[PDB]
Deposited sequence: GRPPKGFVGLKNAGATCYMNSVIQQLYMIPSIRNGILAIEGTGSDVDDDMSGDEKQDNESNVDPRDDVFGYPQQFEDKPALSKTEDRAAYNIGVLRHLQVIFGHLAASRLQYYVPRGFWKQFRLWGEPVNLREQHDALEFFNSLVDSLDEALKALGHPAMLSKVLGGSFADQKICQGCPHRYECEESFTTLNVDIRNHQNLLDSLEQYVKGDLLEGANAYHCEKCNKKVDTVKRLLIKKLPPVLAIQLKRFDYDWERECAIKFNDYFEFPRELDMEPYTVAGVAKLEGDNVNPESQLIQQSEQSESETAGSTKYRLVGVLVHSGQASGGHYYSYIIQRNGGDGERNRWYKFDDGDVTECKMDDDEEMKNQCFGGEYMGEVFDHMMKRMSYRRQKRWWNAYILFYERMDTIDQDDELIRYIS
């Protein structure tokens, strides 16, 4: 079927992301089709080394490719990479796509990854105690959604639209009126990308225990997604080109906040599970299995040990979806 990627030590965060980029036809074919002084050669070398990986992923009959070249080339925000250290896979995704678009521009090409993954918000402030309204465009490569106060994607996406009331003491300063005014601040989507990448905000820091911490809360997301209710236009239609998406990719994280393990479930343009060296078949077409493998949450574990005693302990599903990739229905 497919070709894997060897893990150097703790580079599943590289693999899980690359493999997801590889499986977007537009980025695969885009990258393979390409014929401060140090930074320019760096970025091109990253693009150049990604090409090689893409080449071997298309070509090879071997079960996995070792990307020794990428590992030596890659730097994460300038500094050198310890291949035994785990890193935020999103942080890695952000560093790679910047560098690729930097590398393309540097060879007089149009910014591909920004085009395929880039959207923008209309940041709207509607003043309620005065007639002023303010908006600026703010760009995004990922949509970052709340996991701790919502149980599914649609509800957390609606939070962008609902906004926050800037009120009383915490009121918005209207520049024109020269006063504090009660005001809705919300974010609508102005430009929807051909590929919509969504981060489930599962990671944070525990002050009381001096360490990074993972929220494994239950959180569900659909196979088909309609973004119209969250767009500028859509909200205008309510208030007085394709807006539909299908799930194609799930980047999972499994284990602790500091370490743990990354892998990627992806559709064949059925579902395959890309886990470092081994790209296996899986039941992601089944909804219960989608639920157990990705939605997270608690359950009652039924523990046995030589199977003589039976314990019943609350367990966390510590394996769950971190990043969702959705493809626009006209793409």
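Against the full deposited sequence, the model leaves out several stretches, namely 1-5, 41-83, 289-309, 339-346, 383, 410-421.
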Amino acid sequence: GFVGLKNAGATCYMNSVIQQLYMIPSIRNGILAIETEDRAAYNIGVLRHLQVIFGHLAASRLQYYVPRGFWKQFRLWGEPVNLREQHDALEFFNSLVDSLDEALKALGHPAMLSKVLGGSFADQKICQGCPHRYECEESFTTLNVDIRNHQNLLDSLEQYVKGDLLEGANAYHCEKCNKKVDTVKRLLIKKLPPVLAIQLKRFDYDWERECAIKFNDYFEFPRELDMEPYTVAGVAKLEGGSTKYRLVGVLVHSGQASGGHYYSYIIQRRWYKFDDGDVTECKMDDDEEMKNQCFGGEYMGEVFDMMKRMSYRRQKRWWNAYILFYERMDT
From here on, numbers count along this sequence of modelled residues.
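Of the two segments, 183-191 and 101-109, the one listed with the higher mean B-factor is 101-109 (C-alpha atoms only). When the C-alpha B-factors of 217-225 and 69-77 are averaged, 69-77 comes out higher. For the set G119, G241, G249, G163, the maximum C-alpha B-factor listed in the entry falls on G241. Comparing the C-alpha B-factors of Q151, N170, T142, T231 in the entry, the top value falls on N170. When the modelled residues of the chain are ordered by C-alpha B-factor, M310 sits in the highest third. Looking at the C-alpha B-factors along this chain, the one for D206 belongs to the highest third. Remark: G55 belongs to the highest third of its chain, ranked by C-alpha B-factor as recorded.
Ranked by Cα temperature factor within the chain, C294 sits in the lowest third according to the deposited record. Annotation for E91: C-alpha temperature factor in the lowest third relative to the rest of the modelled chain, per the entry.
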